[PDB]
Amino acid sequence: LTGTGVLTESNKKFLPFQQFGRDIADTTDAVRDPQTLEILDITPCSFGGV
Amino acid sequence: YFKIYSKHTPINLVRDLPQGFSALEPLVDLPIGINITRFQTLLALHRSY
Ligand SMILES: *[C@@H]1O[C@H](CO)[C@@H](O)[C@H](O)[C@H]1NC(C)=O
Ligand SMILES: *[C@@H]1O[C@H](CO)[C@@H](O)[C@H](O)[C@H]1NC(C)=O
């Protein structure tokens with residue numbers, strides 16, 4: 546994965562074979578750390594109109 | 200790619216496998232690419248005395 550977002554510590558249950566995770570259609574919201582085993586959560590950071 | 204799936208679920212019925220739904224997680228991806236067209240089942244028999 547590549548891009549910008551907030552990396553949080555969610556409580557998702559990632560199976561051993563699972564590596565990535567989408568939300569609705571090709572929108573990644575949670576990944577797995579390559580070095581460690583902890584599960585992150587890619588969240589789009591603060592946006593909005595002025 | 201040899202996608203092996205396995206799901207060990209206990210049951211109390213002897214024959215006529217019951218209905219229902221179950222999942223199958225990938226066990227391990229085996230390196231393949233050879234030509235395979237015939238599958239042969241290999242069981243084990245218990246020789247007695
Ligand atoms: C990878 O290296 C980092 C470096 O500190 C270490 O913390 C981590 O445990 C290592 N991961 C594995 C799976 O060995
Ligand atoms: C695999 O071998 C069989 C045996 O004749 C042949 O019919 C088939 O075309 C072969 N498949 C490939 C992909 O080589």
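Line order of the protein sequences matches chains A and B. Residue numbers 546 to 595, in UniProt numbering, belong to the letters of the first sequence in order. Residue numbers 200 to 248, in UniProt numbering, belong to the letters of the second sequence in order. Even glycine gets a Cβ: it sits at the ideal position worked out from N, Cα and C.
Per-residue DSSP class, three states only, for residue i
| i | result |
| --- | --- |
| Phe201 of chain B | strand |
| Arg237 of chain B | coil |
| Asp574 of chain A | coil |
Inter-residue spacing [alpha-carbon to alpha-carbon] between residue i and residue j
| i | j | result |
| --- | --- | --- |
| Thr572 of chain A | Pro579 of chain A | 20 Å |
| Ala575 of chain A | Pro561 of chain A | 14 Å |
| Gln239 of chain B | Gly550 of chain A | 51 Å |
| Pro230 of chain B | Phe201 of chain B | 7 Å |
| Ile210 of chain B | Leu585 of chain A | 37 Å |
Counted within 10 angstroms of its Cβ, other Cβ atoms place residue i as buried (16 or more) or exposed
| i | result |
| --- | --- |
| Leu552 of chain A | exposed |
| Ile233 of chain B | exposed |
| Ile587 of chain A | buried |
Per DSSP, the bridge partner or partners of residue i
| i | result |
| --- | --- |
| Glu224 of chain B | B:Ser205 |
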